[PDB]
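# Quick check, what structure comes out for this input:
(chains A, B, C, D, E, F, G, H, I and J)
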Amino acid sequence: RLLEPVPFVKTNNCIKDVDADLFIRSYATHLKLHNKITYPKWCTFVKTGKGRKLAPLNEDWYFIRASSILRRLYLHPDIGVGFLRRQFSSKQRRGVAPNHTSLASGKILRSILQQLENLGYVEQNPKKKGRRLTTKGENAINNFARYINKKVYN
Amino acid sequence: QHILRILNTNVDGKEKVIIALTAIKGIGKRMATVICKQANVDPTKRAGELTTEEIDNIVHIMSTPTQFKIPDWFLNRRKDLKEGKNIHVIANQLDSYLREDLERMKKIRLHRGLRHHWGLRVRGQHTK
Amino acid sequence: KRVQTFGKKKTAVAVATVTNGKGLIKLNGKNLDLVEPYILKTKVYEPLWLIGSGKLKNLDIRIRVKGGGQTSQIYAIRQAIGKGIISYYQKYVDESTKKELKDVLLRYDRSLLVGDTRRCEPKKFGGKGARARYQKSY
Amino acid sequence: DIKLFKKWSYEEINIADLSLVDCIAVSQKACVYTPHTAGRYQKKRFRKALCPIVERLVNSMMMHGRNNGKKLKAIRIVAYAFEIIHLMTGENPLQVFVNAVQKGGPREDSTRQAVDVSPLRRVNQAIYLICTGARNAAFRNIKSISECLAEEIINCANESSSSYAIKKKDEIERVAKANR
Amino acid sequence: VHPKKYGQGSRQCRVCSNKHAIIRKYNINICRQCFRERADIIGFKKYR
Amino acid sequence: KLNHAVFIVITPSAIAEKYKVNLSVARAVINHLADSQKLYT
Amino acid sequence: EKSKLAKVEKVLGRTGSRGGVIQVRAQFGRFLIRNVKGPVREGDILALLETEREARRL
Amino acid sequence: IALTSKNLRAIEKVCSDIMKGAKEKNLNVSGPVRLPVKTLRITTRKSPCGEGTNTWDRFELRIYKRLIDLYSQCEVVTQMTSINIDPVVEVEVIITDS
RNA sequence: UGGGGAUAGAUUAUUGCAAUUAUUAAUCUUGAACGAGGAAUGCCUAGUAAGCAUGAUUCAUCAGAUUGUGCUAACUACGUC
RNA sequence: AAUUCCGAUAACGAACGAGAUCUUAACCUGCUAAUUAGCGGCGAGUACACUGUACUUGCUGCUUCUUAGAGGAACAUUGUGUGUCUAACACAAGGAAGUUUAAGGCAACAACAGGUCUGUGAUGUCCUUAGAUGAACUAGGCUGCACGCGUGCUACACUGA
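Residues are numbered from 1 along each chain as shown, chains lettered A, B, ... in the order given. Please find the structure below.
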């Protein structure tokens, strides 16, 4: 499935050279295994955003959210919280009323961003306005991306 | 095994445990799910594999759930305006309380109580 | 050296940059396979399969896709690769070889060469649709 | 050389009523690796002939209410349906489709005295009958659509009363024969 | 008197003093019927 | 109405047909046997 | 029952109450006059059922 | 200078006249920069009253902006521009050292 | 049925002088009809139909409205009175 | 497509309408142009390879793509059929485009006692004017409901939630 024959030359030097999901799941799993970032306990009782209108119902999601956010940060080098809230937005059935997209819950996002920042992965600056990716994180993400690419490929 | 009856029917047993738990009250599902996690009966299994001890634990968690980590805002039947303060009150007791509140409204009198006594909806449907 | 060209289906635009290289192909910062739907993936690989693997081995290709939705982007990419390969051979390689190549692409499909020009018919009052109307009743 | 999904060869056919082969038109410039080609098919009356027979099958299959415009899922269902066909019975799926169209089309019908059915119309009607049969089967019915579509294609290819399309064709052909 | 500086009764057409049907887009402040009498000289020409 | 249960072509429908099982249980059997829809073994 | 073959040579005219019928000359003498339903082009081949039932031209 | 108008042809005439005027005197202009056209569109119900069919007309006010950056003494270029304009063209200052 | 979200019950917010006839908002709980619709009758021919959204208009606050705009891209002719 | 043309023809000649005009959208000018658009040029790192690829701060020929001015481009062009073989149509080819390229906008004559004085300081007459039908303030109400009819919204699930 994941492997298929290729008619052009792959580079395998970055996260931009490997599919989102495999990188995301493995990095999430690795992060939880290492135990760098907390659950945290209160986070199990709340929803990702109002378009869900239900429990998140998938256990390991917080690490996934962190993993996707980290990837988004390499993808787009300067962003803040609002960008995340907009990213993870989806559609909300309002019962009888029509659907609208509805923003993701900002505390859980704010907390993830803050934990990464504490661990040297991401950085609040004035030179570039919001959160950017920062150097220990940049190196780690790049290297982990190589480690995964080789491990998956053959 | 399968085909259980708890406080109310719960004959669910090929069915997943969490949805079986909903079948009492907490059909809103979040309340049932948080209680299931806190009780720590595992969502993976079918309801014919429930332990009696696990069911008792669920009743224990359900009873006054402020003392676990389940949030006060998340909790139903909150202020319940009186000198005291309340919690979600379950099943026939919940119905009894709702009925009690309607009885209080009829005595109290304001338009919602009066419409309710009469047999007419709360916000209006526009019956024209 | 380098030639730059485009493809345009619906409101999508895909710019193709065809330079001297080795056979590396990217789509924005990201490798060519990473575009998602497996069915429409084959459509974008389609010009590579019509032209074999040798011709790209001398050339690196960079692509920038902006605007339009999913189907529109795929066709715009497919179109841009077509327009790119043929234009590079007209400036740099050889006009007879280019004509042969153009013949192969034309023989398969004209849609690759020149985009479909269909675009929206405006909404007109008296109904939600472009031509569709509110339900009349007696 | 070229092959459908990288899986099905498309260099072999049977000759049908001769008309149907001319209409369905599996040939090199009508070949493509995957369904989804959206070229102008409403240019003139005859133009539907040039539209690939697999493309036509996907377009028809996508059609009905809530499922409209969701063309990639419909394509996914046909690809899976051919894969199911390949395993369930001993032939190449492309051939199984040719057999289904050759059996499936009704040849005579009545508007006022029965009249003959034109071959382009016969192909369209067959494709419609196969897809409508799949839809009738699918709804609320537990078995998945890829399998249900696969069952219609094999049963139509065989000729059976376990196909809606053959049953409907039988119904059309009998009424026309009786009327006229 | 007791006016409000918000809501429907707060405002009225610049030309005719009707309270209804006022274009406040671009801050025109004219009712649409009045606007139709003026629509060429203001520059709001018809085309397509 | 359901009459399928816990105990005794790799599609979920085929398994459900052969052994008279619910489709989640059919999936469970598939997973056991092996050791939305996608390529087959 | 069984198909037999005649090749459409010429389209004469569109007929019937709602216009859906078409008058056609078909080659199986070995001419056959037909009334056909649904779009027909010249060089189409038409599947016959009851083969001796030659039509009345209008 | 920056030129803003609701008359295309008037802006065009101004553009040519300052272009000729400058090019006599060897002046440095950065060639006519046409800004994206903005249209103020108003979507208007026809009929002052409801009756008859719902019939709308769509009004468009199309405004033209054009831009030239220039290195010279201000006074001559503004004087050449200001006398040569028709008042439907609105002239705004822009100036550079290179 | 974990479909369906009408209905109700309890909240804390937010706009406003004024929110009760629940303005609007979220949160938990509450879980109605409805199994593809009789007789009838509407719209539609290619980027349309359908499906999916969304910008703008009103706006102190209020889209299930209207008007724009895109994306997802069918069927069936291609004619007859 | 069209009292559009041809043709016939006690009429010949006209005019308005219609086409045409105009606004978009459709394609080409390696001409016209670079700002608050791109593209390169080039310094500098961070990352990986390996005799380039990915990613950020600083300076700064190109205009293909972003934008928008001017200008080009189809007339049924060529070929083949059908047609008084006349107006013209049909098919195939060429072509960015072949149903006047697609969409609009504009709206003859003569009407309707159609709609609107609840848009107007457009306006006749008739009513009213300090216990006002003026101006103005506080509540209530336009949404109430045995019940009848419109237009929409949301559904009835597994091509699904």
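
# make it CA atoms for all contacts and neighbour counts henceforth
OK.

# which residue is nearest the middle of chain A?
Geometric centre of chain A, nearest residue: residue A:68, 1.5 Å, by Cα atoms, centre = their mean.

# quick one, what contacts that residue?
The contact partners of residue A:68, by Cα atoms under 8 Å, 6 or more residues apart in numbering or on different chains, come to residue A:24.

# Tell me the spacing between the residue nearest to residue A:25 when sequence neighbours are not counted and chain G.
What sits nearest to residue A:25 in space, not counting adjacent residues and going by Cα to Cα, 6 or more residues apart in numbering or on different chains, is residue A:64, at 6.5 Å. Residue A:64 is 57 Å from chain G, where distance means Cα to the nearest Cα, to the nearest Å.

# Now do the strands for chain C: every range, in order, please.
Applying DSSP state E to chain C gives strands spanning C:2-7, C:13-20, C:25-27, C:30-31, C:59-66.

# Those: which one's closest to chain A?
Evaluated over the strands of chain C, closeness to chain A peaks at strand C:30-31, with 4.6 Å, by Cα to the nearest Cα.

# what does that closest one rub up against?
If you take Cα under 8 Å, 6+ apart as the criterion, strand C:30-31 is touched by A:10-11, A:16-18, C:25.

# re the thing from before, for the strands of chain C, please prepare JSON lines with the additional fields mean neighbour count and distance to residue D:52.
Shown next, in JSON lines, are these (neighbours: other Cα atoms under 10 Å in any protein chain shown; distance: least, Cα to Cα, whole Å):
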{"stretch": "strand C:2-7", "mean neighbour count": "19", "distance to residue D:52": "24"}
{"stretch": "strand C:13-20", "mean neighbour count": "22", "distance to residue D:52": "27"}
{"stretch": "strand C:25-27", "mean neighbour count": "22", "distance to residue D:52": "30"}
{"stretch": "strand C:30-31", "mean neighbour count": "22", "distance to residue D:52": "31"}
{"stretch": "strand C:59-66", "mean neighbour count": "19", "distance to residue D:52": "29"}
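
# Spatially nearest residue to residue D:168, not counting backbone neighbours?
Per Cα to Cα, 6+ apart, closest to residue D:168 is residue D:129, 7.4 Å.

# err, residue B:39, not the other one
residue B:58 is the one closest to residue B:39 (Cα to Cα, 6+ apart), at 5.3 Å.

# contacting residues around that neighbour?
Counted by Cα under 8 Å, 6+ apart, residue B:58 has contacts B:35-36, B:39.

# quick one: which helix or strand includes it?
Using DSSP states H and E, residue B:58 sits within helix B:52-62.

# Tell me the helix or strand right after the helix or strand containing residue A:33.
Using DSSP H and E, residue A:33 falls within helix A:20-34. Counting by DSSP H and E, the element after helix A:20-34 in chain order, helix or strand, is helix A:61-75.

# C-terminal to that following helix, what's the next element?
helix A:81-87.

# list the buried ones in that following helix?
By 16 or more other Cα atoms under 10 Å in any protein chain shown, the buried positions in helix A:81-87 come out as A:84-85.

# which residues are in contact with it?
Taking Cα under 8 Å, 6+ apart as the rule, helix A:81-87 contacts A:69, A:103-106, A:109-110.

# Could you confirm whether any residue of that helix contacts RNA strand I?
No. Using Cα under 7 Å from any atom of the strand, helix A:81-87 stays clear of RNA strand I, with a minimum separation of 12.1 Å.
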